[PDB]
Each structure stands twice: as C-alpha cells, then as structure tokens.
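Asker: structure for this input, please:
(8 chains)
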Amino acid sequence: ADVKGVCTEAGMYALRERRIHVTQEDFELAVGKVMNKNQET
Amino acid sequence: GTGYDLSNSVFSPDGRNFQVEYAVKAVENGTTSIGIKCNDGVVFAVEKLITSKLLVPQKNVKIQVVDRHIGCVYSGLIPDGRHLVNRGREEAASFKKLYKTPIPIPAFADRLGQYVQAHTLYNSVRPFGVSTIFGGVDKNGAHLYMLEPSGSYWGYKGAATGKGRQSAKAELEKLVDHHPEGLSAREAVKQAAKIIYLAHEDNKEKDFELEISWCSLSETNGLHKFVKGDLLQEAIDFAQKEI
Amino acid sequence: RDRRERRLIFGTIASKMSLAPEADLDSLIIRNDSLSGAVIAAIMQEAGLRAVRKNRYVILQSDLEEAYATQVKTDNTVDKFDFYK
Amino acid sequence: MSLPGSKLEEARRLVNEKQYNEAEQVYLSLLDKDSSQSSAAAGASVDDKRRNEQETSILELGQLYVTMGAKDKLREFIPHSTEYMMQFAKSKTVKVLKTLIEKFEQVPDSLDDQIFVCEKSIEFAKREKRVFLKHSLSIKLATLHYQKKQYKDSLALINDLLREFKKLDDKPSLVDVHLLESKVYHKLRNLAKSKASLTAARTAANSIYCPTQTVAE
Amino acid sequence: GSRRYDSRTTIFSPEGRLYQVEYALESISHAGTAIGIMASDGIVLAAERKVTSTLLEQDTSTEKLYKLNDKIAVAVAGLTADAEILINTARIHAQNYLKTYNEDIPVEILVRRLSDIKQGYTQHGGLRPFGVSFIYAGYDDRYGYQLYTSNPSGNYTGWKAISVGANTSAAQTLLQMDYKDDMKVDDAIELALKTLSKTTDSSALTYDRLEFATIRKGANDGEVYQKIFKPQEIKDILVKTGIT
Amino acid sequence: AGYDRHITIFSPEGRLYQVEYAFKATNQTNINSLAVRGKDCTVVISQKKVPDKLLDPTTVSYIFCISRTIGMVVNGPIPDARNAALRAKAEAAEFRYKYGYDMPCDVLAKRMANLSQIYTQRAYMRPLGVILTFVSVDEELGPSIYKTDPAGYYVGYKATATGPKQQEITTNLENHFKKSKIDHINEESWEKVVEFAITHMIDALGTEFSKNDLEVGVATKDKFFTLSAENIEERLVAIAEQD
Amino acid sequence: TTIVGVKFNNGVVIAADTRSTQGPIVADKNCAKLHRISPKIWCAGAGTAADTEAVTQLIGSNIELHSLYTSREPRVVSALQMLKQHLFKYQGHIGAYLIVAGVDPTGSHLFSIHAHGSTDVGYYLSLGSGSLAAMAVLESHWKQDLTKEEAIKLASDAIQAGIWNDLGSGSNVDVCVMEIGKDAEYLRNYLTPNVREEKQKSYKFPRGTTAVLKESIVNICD
Amino acid sequence: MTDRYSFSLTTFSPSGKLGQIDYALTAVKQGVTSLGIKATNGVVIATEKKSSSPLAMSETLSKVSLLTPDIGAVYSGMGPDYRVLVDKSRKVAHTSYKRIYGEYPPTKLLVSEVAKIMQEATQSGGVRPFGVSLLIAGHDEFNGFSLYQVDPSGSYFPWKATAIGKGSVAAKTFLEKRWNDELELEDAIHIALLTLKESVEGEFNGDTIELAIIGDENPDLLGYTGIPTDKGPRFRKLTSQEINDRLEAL
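Answerer: Residues are numbered from 1 along each chain as shown, chains lettered A, B, ... in the order given. Below is the structure:
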C-alpha cells in the first residue's frame, strides 16, 4: 500500500514546475514523504 | 458501574459514601434527644417513646455515664449506641491509669472520633448508624460534642437529633437570642423539658418519657446524675404550661 | 502543531489587530500545549474585549497572558489527564 | 576589589577612552587572579563559574585583533584554552570549542588561519573517542574550504560525512551537509550534483524541524 | 464483603479441571521455547529468548537458563517473575540436603520438593499458581543421567526429549523420529539446532537469540562438568554444523 | 465483572478509578485556602465557614497543630482530616524519641505520603478523601511548604492553594511571582505577610471576610501558633487603611 | 585500648591506638579502631572490640538509610539517640564503649556512651582501660579557645600517655581530625612512638630442613 | 480479623496472560518518559520533570534516587509506588549485603532484589502489582557498568540503552543507530539530549531535566580523606547549572 502511494506522489512535485520529464529528483522527495506518514503516530 | 452502595470503602463517583448516608437515615428512626450547653455545665435530655403499657416507669436509663464527669446520650440503633460508650469506657479507664486526673471533654471526643473512622476504612465492619451526644464539665470551662455517623463533630452550643431533629433543634436557635449573655444550670433544666414538648407534635401518636440529667460546678461539682425528686416534676408543670 | 506552524497564525491575525510595541507573542508560543486554530482566534478576540473594561485600546502583553488560561484548558478543570495516577 | 563587574566593565570603557592595550592587560591579569569555586583552570587561579566571563574577555578582544595584526597569532590562541579546561569539569569544553569559532569566523580573517585552527581543534578529538565534537568541527571546516574555492579539500570532507551520516546519527545535521555540498558543485558549473544535493537537504527539512538560519539558507 | 471480589481461583469445574491451571498452561506457549535433549554421555539443553533486539546485552545474561547445582542445571520457560521465586527456593532446599546428609542432591528429590510448592497454591492459600515451567537436568550415580520437566500444575515425569513453550507439538514431532539411544553429545547438538530453526517465526537464525547449557563428562568418571556456552562458543558450533 | 471500578486495580485505560474520586472528595466541603512562603517564616490562611450558630467558633478549625515547630492545614471532610492528623502526631513523637531531634517539615510530608501509598496499593483499605498540607520553618532550607496528595505523591510548592477555586486562586499567586521574578515574599516582618495573603484572597474571591470568617495560621522559626479573633480582626483594619 | 577526644571551637578531634587487647597476649599490633558510622561522623571503639565492630555496623546502616530518606546531612544528635536506645534494649548485657564524634550544620557535638546506655557530654571524653592515664594529661593541658594544631598535640599526648603508663595500649596512634568547613581528615599511623629494630641473627631456614611426609596438589579451578 | 481479602488480585486471563501486568505496562506509557545509555566510561541516564503546577519547586522533586552509592535508579510516570519500592529496596540491599557481607551488592544482584519485591505483589494476595518501571544502572568489580530494565510485571532484562514512557516507541528506535561499542561518558550525554529534546513538548531547560551520570570514584563526594581504599561514590547528581551547560552544547 505504501509503495502504491509513491505512484501518486511521483508527479506531484513535477506539477509545481509543470514539466513532462520526471527525473530522480521527484522520486527522492516521494520516498521521504511516504516514510513520514508511516512513522507518524 | 453498579454496586457502589453495596460495601463501605467503595467511593461514589462524586466523592461521597452511600453507607455513610444510609447510616444517617437510621438516626432519624430512633428516639430523639436534645442537649443544652451553659457556662457552669451542660444539660442532657432525651424523649423515650413508650411502646405499650408493659414498660416499667423510670426503670430504664438510656443515658450511659462515662466516669462521673461525662454523660452520653444517643439517638439511633440501641445496640450500636451501647458499643460506643463501652469503647469509650475503656478509653477513660486507660487514660486515668497512665494520665492520672480524669479526661476532659474535648479530649474524650477524639477517642470516639478515631474509633468510628476505623469502621469506615474496612469492608469487614460497618459504621455506626447511631448519633451519640456526649459532654460534661472539663478542667477548663465546659464543652459539648455530638458524634455523627460519619465521624464529623465539632463544639456545639446545643445538639439535637432524632425524629424531632427538625423541630427540637430548630428551637435551640431561639435559646441563644433569649440568653445571649449566659444561662444558669437550673433554668436550663426547665427549658430542656419545654423543647421536648415543642417537638412532641410528631410524637403525640405514642407515649413519651422525660429523662433529664445535668452536670456543673455550681451544685453537683463534677457529678453527672439524673434529675429526681420534686425538681423533675417542677420542670414538667412549667413546660406543660405553655403547651 | 509546534512553535513553527503556530507563530504564523499569531503574526497573521495581529496584522488586523492593534497591539503594543512592547508586547511579545513568542512568550505564549513556548507555553502552547495541544491547541488549535479556533483557540488562537478566541485569544486575540478576548484580549481586545477585556481592554474595553480596562480602559485600554491596543492589546497589551499582560492581557495576552490573562486571556490565555481560559481556552487552554481542554475539558473542565482537568485539562486532559491533569497530572496524577 | 575582587568584584568581577568592576574589572570587566571598566576595561570595556578603556578601549574607546584611551586604547585597547590597557583593557588587554586587565583581562590577562585575570589568569592568576579572580578566584572561584570548584577546581582551578590554569593552576594560578581558580576559574569555574566565571570561566564564561573569562571567555568573554577573549570575545571582546577578538574583534580588536583585526587592526593589531594578530590574525597570524590567533592560530595558537584558541587551542591553548583546551589545556586550561582539563583541570576543572569538561562541561565548559564544548562552549569554548564553539563560541570562539562562532566569533572567529564572523570577523574578517585570512582563509589559511581559519582552516588551521579548526584542524588543530580536531586533533584534540583524534586522540580521544569524541564523535559529535569531531563531526561538528568537520562540517564547519569544510565550510571554510568553500570560501577558498577548491574542490579537493571541500569534497574530501563531504564524501566522508556523506557515507557516515546517512546510516549513522546526526540526521538533522545532515541537512547542512547536503546544503554545503550543493554549493561546492555550484562553483564547478554542475547542475546534476547541485540540484540533487538540494533534494536530500529539503527531504529531511520537512521531517525534523530546522531553525530560522537553516531554513533561510 | 470479600466473597464478591474473589474470583474463586481454585475450584472444581463441571469438566473436572481447574480454571486457573488450565489458563496457566497457555502462558507457556506465549513464552520462549525450551527444548531439552538427553544424550548417552551428557544432556544438551536448548532455549530461545523472546523479544530480543540489537540493544539487548549479549555479554553476560541468561534469561531462560540457570544453575541450581554444580552437577544439575535447569531450563526456564515461562514467566520470569514467577520463576525467580521457585529458583531461589530451589537452591535453599538443595543446600539443606547437602548441609544435613553431606552429599549431592539428585534431581528426583529436588523436583518433588519444588513441585509441592506449586501443588500448594493449587490447593490452599487462595492464590494463583506459578505460570512458569521448568526443565531439570542433572547427573546422578543412581539412575544415571536424569532429565525431567515440570508444569504449572506441579507434575513431573521422565523425558528423554522434552519440548516446552511456543510450538510444543511442532517441535516434538521432529524430535521423536530423529531420536536415537546411541546419540552422543555432539550429535545431540545438531538435533536442537535443526529443531529451533524450523519452529521459529523468523527467516534466519543467529546466536544472540539462543541459549545452550550442556553437561559434559571429563576423563575422570563419577563427576561431570557444568558448562554454559558463551556467545563466542555459540556462534562457533553454528558454522561447524552448517546452520550458520 | 463490574467490580473493577469499586477497588484500586489496573484499569483497561491504564489509570486508577478510586484515586480519581479521592480528589473529588475534597470539594464536598467547598473550603478555599492558600499558603505562601514568607522571608524568614511561613503564613497560611484559610476560609472559616460556620454553617450554624450553635457551633463554637473556637472549636471549629481547619488548621491543626502537629507539633510546636510544624503546622498543618487540611481540605475536605473533617473525619478523614482528623484521621491523618493523629497519625501525623504519632510519627512526630516517634521521631523525637527514637531517631533524634524535632521533625522538620519535609520528613512529615514524606512519611504521611508513604503511609497513604501503602493504603492505596492494598485493596482492603480506602484512600483518604482529604489533602495534607504541612507548613513549617526548617533550620536548613528555611521556609518550605509541602502539599501531600491523597494519591501519595508529595511535591514542594512556592505558594500553594486548595479548593475548587484553586485554579482561579493560583493565577493570582502566579502572576505576582512572574512580574517580580521572586520565589518568596521579601517582607521580613511576619505581620505584613499575614495581610499580604489576605489581600490577594479578597480580590480573588470578591468577598470581604470578618474576624470569624477566616483562620490565619502563622509558622515562625521553631514556633507555631494560631491567631485568635482579635489578631485576625486587627489585620483587617490596616488593610482597609492602606488600600 | 585507649581512646580520647578534644572538642575545639571549629570542630572536634579524636584519637585511638593500633594495639588491640585480647588480654595478656596481644594478637594484632596494627588495626583501625575508628569506626565510620557515616562519611561525616566518626566513632571510636573501646573495651571489647567484638561488640564495637558489630553494633556500629548495624546502627550505622540504619543511620545511612535515614540520611538517604531525609536527603540531608546526618547529625551527631541523631546518631547518639539511635545508639542510646539500642544498648538499653539489651539491658546493658552487651559491653561496649563508644565515643561519637562529628559536627553538623547546627554546631559541633561530642558524646560518649557507656555499655548499659548511659551517655556523657563534654569537651574532652575518654573511655577504655587506659582512660584513667589519658584523663590526667588532658585536664592539665586543656584550656579555652583551642586551635586546630593545639588540639592535635593535646589528643596525641593523651594516647601517648596511655602507651607508656598502660599495658593495654601501645604500638601506633591514629588521629581523625574533623572540621566544620572542610571534610573529615583520617590520619592513620600519625605517631609511631614504638618502632622495632632489626634482630641480631637471621633465622631464615634453608630448603629441606623440615621433612615432608606426603605431597599432593589439590585442584582449585573447575 | 483485619483484612478479609487473602486472594491475589492477579488472575490468569482466558487469553493466556495476566490482566493486571498487561494493564500495568500500559500505565507506564501514561506518564513522563525516562531513558538511559551505557558506555565504556560510565552509564548516563536522563529523565524529564513534569510540574503539575507552575508554582511547584523542581528541587524538592527528585526523580533519580540512590539505592547504593555506586548504583542509581530512575522511573517513569509519576511513580506513585516508586517511593514504596525504593524504601523497601534500600532496606533489603543493606540487610542482605551490607549487614551480612559488609559491602554493597553489585548491579546484577541488586536488580534481582528489587524485582524480588515486585514479583511478590503479583502473587501474594491483599496487594496489587507495582505500576512503575525502574532502571538499575551501576558499576561493580566483575560485570562492570551494566544497565537493567525493570518491568512492572516483575521481570528484569539487561539492555545497552532503552527509553520507556509515553515516547518509548520513537525514543527506543532512535537509540539503535546512535549507539556503538566505543563510547565515552560525556559523548553518551549528547546522545541522551538529542533524543530527549524531541520528546519534550513543554519548557526546555535544566530545571525540568534531571541528568544523572555514573563516573569514576570522586573524592569530593566521599567526605573523608586519608584512606586510599575508598575513593568515594561513583554515582553523581548534576546540579541545575551544570545541566544547562550541556543543553546549549548541542
């Protein structure tokens, strides 16, 4: 379930810059965001 | 939950005890008793309700005297009232053994106070459902105390509890305004008989009995004894005159 | 929240309010424990309401600490668990 | 008298009144004087609770060493305070190894003198088991190499701390590691490593809270 | 009254058993697994600790094993709190026999004196029985090597290979077919390593989560040597046996 | 299994139900009192409420004297108040004969707290429904106030209080210490300390009391006494003159 | 066994010898007769050394507990009161002689307890068999306003007098100095009036003088 | 007569456990979180002081007591029964050792005696189990520096470093990567401060944090001189000013 959430947040950081290319910059921010919700509470 | 009113040590959700409150209702189901405090001493009076004509007149003494300086009158269950004096009798005997001179009035109140407190701290025993009024003449002045089933007590200028507690004790407030400076021991005997008849309105359905006992330094000089002779009959005619 | 997300709310509401130049909002931020947005709104309002009866216009620093103890307590007298076992 | 407020505040006025040398002789006279509780410091006098006031004497004169030309002499001044702290408790050891450097890098000074002091302070942690003190001075040392604009000494300390802080402790301090690493590749005209370092810095920024000076950078 | 709050610890159920004793047997399955093995030349004991991590201290600790005598060991599987009560009284009763009769206590006498304590709470006292089980292994010149176990109910029987704790019936299945009367001390170690590996909840098996205390007999006959394997010696036998 | 709430046992929420109701028993009497630490001494004040005129004002008191060097004030019902009062006097006597010199304030609050912890852990004894507050002057740490909770947890306070309005009274004593940044009153004379705590109590409760409406205890160094009616009334005279 | 004490303005000091007396045969010439009840309070034993090395450990244990429960400094008045009622519980059947020395935040205190529970107080106190010979030397040289150095020489001359004038005392002298401002100072072998010289002939025997019946080696390590 | 309850309040639940000790561990997480770290040069334990009233005095409240001079102790929560356990622990430690063997017991033997009192509450009737969890840390001449975790159920386990309380979930995990084989006493203090600071939601200062460390034998804490054998107790309580010196050290 947590890995599936990475697919949703993979392009959310690209929506801010409005680019069709998704590099490793967005995947690194997606992993750190999912791990914070799991460790919270 | 359910059952907070079952045992003793269980507290109520508001921080009170049901068994203590149930013991108060047992005090109002017995014979009423009053008291009067003066400068020279205190005066005890109790109204004993006569059931049938089979009772023998003036052969029953409800007031149990501790040594010569302390009388004790109680309103409530008779068996529970005699156990308090029997416990206080041993405390007065144990005091006079080591401490020589007899125990004063404010000191004797602590022995009955803590002893009732221990019954509320255990689930194997029950608190006393009787209210005992005790007093007398101590070494300095005089004092009067009324022991409640909860163990709460203070100095009382007068103490009354029973079926006529709402009546007899309500008349004690008029006694303060009547003699704000002071009241003699002889006049307090006649005033005690009137208070019994003022609260007799609820006792008119049965037969009553008048028992008055006082102790002071003016006449008895530290001797607690019941009223006999023509002094008792004189207080009856003076009290029944206003009735 | 923490001392970060909260201080943005105090500084934003204080823009429309009128306070004293010596009033320090950071003093109450450290003491904030288990609060929310509606509680912060009631603090700034009550601080201005009590100023009328105190013959004041701008909100001083003393009125912020007096009006803070009203909305911080979360149940009745007990806060949440208070302190005991 | 023995009142520290009379000696310290009087020397502060003598700087602008006459010269800073008159105030320097007063602060240097506190080495054998101004006794305190607990144990001693240099062995001549006892300095424990007033050691912070003794460090202030260096901090006040630290800004006045620029005109006098003591920049080259500041190399051995800081490490001498480490030996004076071995007599009394070590609770004041971390403050002296930091507060001084905080005011040492604020005043203008040569880049060669700033690096050799930090490398000397690490030597005290080399003989010991010190970890946090070794990592706190290492991240501040690599920052000084950035002003020199050299990738040899800058990437040497970053690559050592990157392979450690990842799986080791000092997770909030790792944000400044990626922040300094992104600056090194910025002068080399490399947008691949610089933008990738900012991602690792902003990743842990949302997890563990960072102060105002860290978020602003 | 005290009759309402009393849960009636020891009472005969309509089925003919005890409530607190029946529930105490389940507590063994929630604790570590202790498996004893009685070989020809000695006795090999095995145990596994529960709730272990990296922060645990592996230097000197024994949770599931103790030493009640020079020639007698013990394996503890169950609640640790209720175990120290019977262990402290074990060494007291063991030395009393040595203080009077001036000879080493056998296992049969040591267990029956400790079992009567557990049998006492199940009868009188109105208290709960011990929810911890023990495995007693020692050497004696009467019956030879003796391996016994206990139960919260206070009963003890002879066992060649005993398994208590989590997965009791799962471990005894592999121990029944692989048991032999000629099995030596070295072959008895391989039997416990293969059993504890398949019956655990993890993937691999390390030396930090296991405890082994055997009984070895030296060149001099009549006296054995109690040796508790240190973590340095536990990781060595894992490589030689191929468990790793 | 509804009996889990009637005694002291571990709850499924990880708390104690009977201990929560022990604090609620102190609000039955609704008596507000506070204690502050002076410079060289400690002065405690209490609200004296007499429901009936038949009560003797000298006999009714919420402040009890454990020893000559230690005073005590207790909130809540009197029977549980005087139960621990005689227990505290016994511990002060055993410490003089067996252990050494007179008992200080912290030791008395610690021994009475540990005594209640045994009663709280054991299920056959109910905890006390009152709160023990001891005031005295130590020969080492000087003035100190230790308030013993019915749960058996003692902790030192600068200026304490009691009652249901304690939270409103604490704000008065707290705001005074934040502005001056002092942990105790700098007034050396004990007379000004008496009128100090009375001033903050009147403004907090919004009620002007009388000579019989308050009882002010004064604990000096190696001496303790209770102010009479003339001493308490004398303090109220200078308060109206200054403010 | 001879013990004395000197109470001066800034504190109290006591002294004791190293020679324990079992009777006419002296087994041990070097021992510490100053017991420690608490770190800041010292006590001196006299008479029977068996009862002093026990009661002081039993009573001293409860006093160390009382200091930890109260989180304060143990006082001499608290130490004597615990020891006073202890010997009275046994009805004085336990022979003991002890001098409790030390100070506290309230002053300086010096006391001496007898075997049956009687307690004494004074600036100078001496107990034991050599208490008589050491008492006369103290009373002669004792005066008001004694300093720290004068109190050491006064307490040293008392024990030294019991060395020459009593058979129940000798060997070395142990002096424990206690000060209010500073901590306790325990000086062992402060004075060595008796020093044995070298023997005339060497009695060391060569190997093989005494015949050996049977030699064996007993195993120790298991 | 006295008490009529002779039965134990702890009974076996149908799930196979004891209902009293299960809820006892839950009550430990209902209060302030303590911690501790063992190193080669000593053991460093820390805790937090939560004041119920703003006018309370933190100096009179000591959450770290002293059983033996070489061994400290720290609890979690308010510790209602903590004062009962320590008073009973100091008696059994001196009676069974100081009054018999003449010396203080080591760390491994003392935690066995502390748990010996708590294990009787779960069996002997008329009483309830202790809802507190202590930490036994000290130094001896054989085991050296060791820290034992005392569970409310009556069982003890050795641990290098652990944190039990309301924040026991996050604080215990953070100490796994922050601990290694070679550590000093002062280096382990910074480990305790970084973990405890994240668990403090209130005021952060030296008065609300009690930091107890076990170092070498200190002659200043002894009280007498002249005996080379006893150099003083190893356990030491840091003052309010010394704790604040290491708070800004981070």
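
Asker: SS state for the residue lying closest to residue D:126 once chain neighbours are set aside?
Answerer: Taking CB to CB, 6 or more residues apart in numbering or on different chains, and ignoring the residues beside it in sequence, residue D:126 has residue D:134 as its nearest neighbour in space, at 7.6 Å. For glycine as for every other residue, the C-beta is placed from the backbone atoms N, C-alpha and C. The three-state label for residue D:134, taken from DSSP: H, G, I helix; E, B strand; the rest coil, comes out as helix.

Asker: which residues touch the helix or strand containing residue E:170?
Answerer: Applying DSSP states H and E as the criterion places residue E:170 in helix E:168-177. Around helix E:168-177, the neighbours that count as contacts under CB atoms under 8 Å, 6 or more residues apart in numbering or on different chains are E:28-29, E:33, E:35, E:37, E:161, E:163, E:191, E:194-196, E:198-199.

Asker: returning to that earlier point: any idea how far the residue nearest to residue D:126 is from chain G?
Answerer: Distance, residue D:134 to chain G, using CB to the nearest CB, to the nearest Å: 38 Å.

Asker: ok so, going back, filter the contacts of helix E:168-177 to the buried ones?
Answerer: Taking 16 or more other CB atoms under 10 Å in any protein chain shown as the criterion, what is buried in those is E:28, E:33, E:35, E:37, E:161, E:163, E:191, E:194, E:195, E:196, E:199.

Asker: tell me the contacts of the first one?
Answerer: In this case it means residue E:28. Neighbours of residue E:28 in contact, by CB under 8 Å, 6+ apart: E:77, E:78, E:131, E:133, E:152, E:164, E:165, E:168.

Asker: torsion angles phi and psi at residue B:144?
Answerer: Backbone torsions of residue B:144, given as degrees, to the nearest 10, read phi -140, psi 140.

Asker: quick check: it vs residue G:118, distance?
Answerer: Counting by CB to CB, to the nearest Å, the gap between residue B:144 and residue G:118 amounts to 49 Å.

Asker: how far out from the middle of the chain is the longest helix along chain B?
Answerer: In chain B, with assignment by DSSP state H, the single longest helix is helix B:78-99. Going by CA atoms, centre = their mean, to the nearest Å, the spacing between the C-alpha centre of helix B:78-99 and its chain's C-alpha centre is 16 Å.

Asker: quick one: list the elements packing against that helix.
Answerer: Using 3 or more CB pairs under 8 Å, 6 or more residues apart in numbering or on different chains; DSSP states H and E as the contact criterion, the neighbours of helix B:78-99 among helices and strands are strand B:70-75, helix B:105-120, strand B:131-136.

Asker: tilt between that helix and strand B:131-136?
Answerer: Helix B:78-99 runs at 30 degrees relative to strand B:131-136, counting by axes from the mean of the first three to the mean of the last three CA atoms, to 10 degrees.

Asker: and chain H, which residues reach chain A?
Answerer: Residues of chain H found near chain A (CB under 8 Å from any CB of the partner chain) are residue H:170.

Asker: so in chain A, which helix runs the longest?
Answerer: Using DSSP H, we find that the single longest helix of chain A is helix A:24-39.

Asker: doesn't residue D:102 belong to a helix?
Answerer: Yes. According to three-state DSSP, the state of residue D:102 is that of a helix.

Asker: circling back to that earlier point, which elements pack onto the longest helix of chain A?
Answerer: Where contact means 3+ CB pairs under 8 Å, 6+ apart, helix A:24-39 is packed against helix A:2-9, helix A:12-17, helix D:191-207.

Asker: between the ones you listed, which one is nearest to chain H?
Answerer: helix D:191-207 (11.2 Å; CB to the nearest CB).

Asker: quick one: that closest one near chain H?
Answerer: No. Judged by CB under 8 Å from any CB, helix D:191-207 and chain H are separated, with a smallest distance of 11.2 Å.

Asker: check stretch F:176-188 too.
Answerer: Yes. In this structure, stretch F:176-188 sits against chain H according to CB under 8 Å from any CB; the contacting residues are residue F:177.

Asker: can you pull the phi/psi pair for the residue in chain F positioned nearest to chain H?
Answerer: Residue of chain F nearest chain H, by CB to the nearest CB: residue F:156 (3.1 Å). Note on residue F:156: its backbone torsions stand at phi -80, psi 140 [degrees, to the nearest 10].

Asker: residues near residue 14, how many?
Answerer: Picking chain A for this. A count of neighbours around residue A:14, defined by other CB atoms under 10 Å in any protein chain shown, yields 15.

Asker: the intended chain is chain F.
Answerer: Taking other CB under 10 Å as the criterion, the count of residues near residue F:14 is 18.

Asker: what residues are up against it?
Answerer: Residue F:14 makes contact with H:23, H:26, H:27, H:29, H:30, according to CB under 8 Å, 6+ apart.

Asker: would you format these as JSON lines with neighbour count included?
Answerer: As requested, the contacts of residue F:14 are exported to JSON lines (neighbours: other CB atoms under 10 Å in any protein chain shown):
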{"residue": "H:23", "neighbour count": "19"}
{"residue": "H:26", "neighbour count": "16"}
{"residue": "H:27", "neighbour count": "23"}
{"residue": "H:29", "neighbour count": "17"}
{"residue": "H:30", "neighbour count": "17"}
